[PDB]
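Below: the structure, in structure tokens.
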Amino acid sequence: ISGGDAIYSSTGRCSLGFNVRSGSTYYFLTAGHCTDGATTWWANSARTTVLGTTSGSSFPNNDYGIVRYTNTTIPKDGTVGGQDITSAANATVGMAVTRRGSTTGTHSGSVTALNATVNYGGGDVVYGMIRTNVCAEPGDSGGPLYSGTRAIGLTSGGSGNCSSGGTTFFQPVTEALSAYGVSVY
Amino acid sequence: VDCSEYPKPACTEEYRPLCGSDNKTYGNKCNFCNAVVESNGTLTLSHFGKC
Ligand SMILES: [K+]
């Protein structure tokens, strides 16, 4: 299972951001809104294949969550689909990026702005977000945003769709990695 | 689902499908409720889950 693949909670489907690790302990990042109120994660709709359980969740304000792997046999690739990921980096205006998500698959575009505030309503406001012209659709939450072999962010949300075009905001992945003391591999 | 606090400029991208009266499966209630507004109130909920 790798970046962009579907993950199932008891409520819905999201996408796996990046496989990360600390010592000998494997995790995976996803969106906070997705880890919020979720305990167990499975790799399929039938919920027969277990991935792990939520180890942290930060949402609103930020938009990242982490899941500890409890599955011992599932392959945990340090990639996004086939794309090898080797480091994480900070987004920059004009940077060219690619998002992979369980619903729309892969789409590319660029970073149009940083430190964006997104207001999802009823007090769910997220701050410090990367704005981009990349589309995304329901299912795609938490999937990766990368640039070449660099990890950049996690899909959080936006407007539009992939048919007519849209704007998607992403959580900086560096923020999550530091919070959890984990790193990409 | 009540779409009165809509519209909203943005939606998270998690998937929990709703089926609209246009026979379109909406990915989530946020997506579904913004469409109701854009439809100017003509679009309704058919049922929860995929169409
Ligand atoms: K969208």
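Going down the list, the sequences are from chains A and B. Residue numbers 115 to 299, in UniProt numbering, belong to the letters of the first sequence in order. Residue numbers 135 to 185, in UniProt numbering, belong to the letters of the second sequence in order. A virtual CB, placed ideally from N, CA and C, is assigned to each residue, including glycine.
Whole-number beta carbon distance between residue j and residue i, since they are thought to touch under 8 Å
i	j	result
A/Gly-256	A/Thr-269	6 Å
A/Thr-144	A/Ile-115	12 Å between Cβ atoms; not a contact.
A/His-221	A/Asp-177	Between A/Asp-177 and A/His-221 the Cβ distance is about 19 Å, and since that is not below 8 Å, they are no contact.
A/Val-239	A/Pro-286	Incorrect: roughly 16 Å between the Cβ atoms, too far for contact.
A/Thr-218	A/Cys-276	5 Å
A/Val-248	A/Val-207	The pair is not a contact, with the Cβ atoms about 14 Å apart (cut-off 8 Å).
B/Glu-172	B/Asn-162	The Cβ separation is near 15 Å, so there is no contact.
A/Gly-215	A/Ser-129	5 Å
Nearest neighbour of residue i, chosen from the options [CA to CA]
i	options	result
B/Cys-145	B/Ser-180, B/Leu-177, B/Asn-174 and B/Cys-167	B/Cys-167
A/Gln-197	A/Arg-213, A/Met-243 and A/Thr-184	A/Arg-213
A/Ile-180	A/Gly-131, A/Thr-206, A/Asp-191 and A/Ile-199	A/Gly-131
A/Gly-253	A/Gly-271, A/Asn-233 and A/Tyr-241	A/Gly-271
A/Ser-292	A/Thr-153, A/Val-232 and A/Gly-170	A/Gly-170
A/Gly-267	A/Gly-236, A/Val-225, A/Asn-275 and A/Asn-233	A/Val-225
B/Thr-176	B/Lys-163, B/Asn-162 and B/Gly-154	B/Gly-154
B/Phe-182	A/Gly-126, A/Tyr-141 and A/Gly-219	A/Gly-126
A/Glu-251	B/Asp-156, B/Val-135 and B/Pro-151	B/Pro-151
A/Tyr-294	A/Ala-205, A/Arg-135, A/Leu-165 and A/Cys-128	A/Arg-135
A/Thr-184	A/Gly-208, A/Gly-192, A/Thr-168 and A/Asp-191	A/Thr-168
B/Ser-180	B/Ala-169, B/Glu-147, B/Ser-173 and B/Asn-157	B/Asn-157
A/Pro-258	A/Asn-229, A/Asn-233 and A/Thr-193	A/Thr-193
A/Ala-205	A/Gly-223, A/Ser-138, A/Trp-156 and A/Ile-244	A/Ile-244
A/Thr-282	A/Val-232, A/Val-298 and A/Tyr-299	A/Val-232
A/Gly-166	A/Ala-290, A/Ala-160, A/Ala-152 and A/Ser-172	A/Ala-152
A/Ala-160	A/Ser-124, A/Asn-133, A/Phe-142 and A/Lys-190	A/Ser-124
A/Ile-188	A/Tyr-241, A/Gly-242, A/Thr-163 and A/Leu-228	A/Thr-163
A/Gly-118	A/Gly-137, A/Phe-142 and A/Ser-278	A/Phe-142
A/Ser-201	A/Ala-227, A/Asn-133, A/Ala-265 and A/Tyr-241	A/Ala-265
A/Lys-190	A/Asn-133, A/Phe-284, A/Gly-274 and A/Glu-289	A/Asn-133
Cβ of residue i within 8 Å of any chain A Cβ
i	result
B/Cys-153	no
B/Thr-146	yes
B/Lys-158	no
B/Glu-172	no
B/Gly-175	no
B/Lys-142	yes
B/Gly-161	yes
Beta bridge counterpart(s) of residue i as assigned by DSSP
i	result
A/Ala-227	A/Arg-245
A/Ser-129	A/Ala-120
B/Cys-153	B/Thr-159 and B/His-181
A/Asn-275	A/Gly-279
A/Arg-182	A/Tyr-141 and A/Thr-167
A/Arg-161	In the DSSP output, where bridge partners are listed per residue, A/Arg-161 has none listed.
A/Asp-198	A/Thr-193
A/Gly-219	A/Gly-215
A/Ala-210	A/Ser-224
A/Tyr-260	A/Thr-212 and A/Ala-265
Residue i: CB within 7 Å of a non-hydrogen atom of ligand 3
i	result
A/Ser-222	Absent from the structure shown: ligand 3. Ligands present: ligand 1.
is_contact[residue i, chain B] using C-beta, thresh 8 Å
i	result
A/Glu-289	no
A/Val-248	no
A/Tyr-178	no
A/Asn-175	no
A/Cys-148	yes
_Uninterrupted beta strand (DSSP E) stretches inside the stretch 129-159 of chain A (no shorter than 3 residues)_ = Within the stretch 129-159 of chain A, the runs of beta strand (DSSP E) that reach at least 3 residues and sit entirely inside it are, in chain order, 133-136, 139-144 and 154-156.
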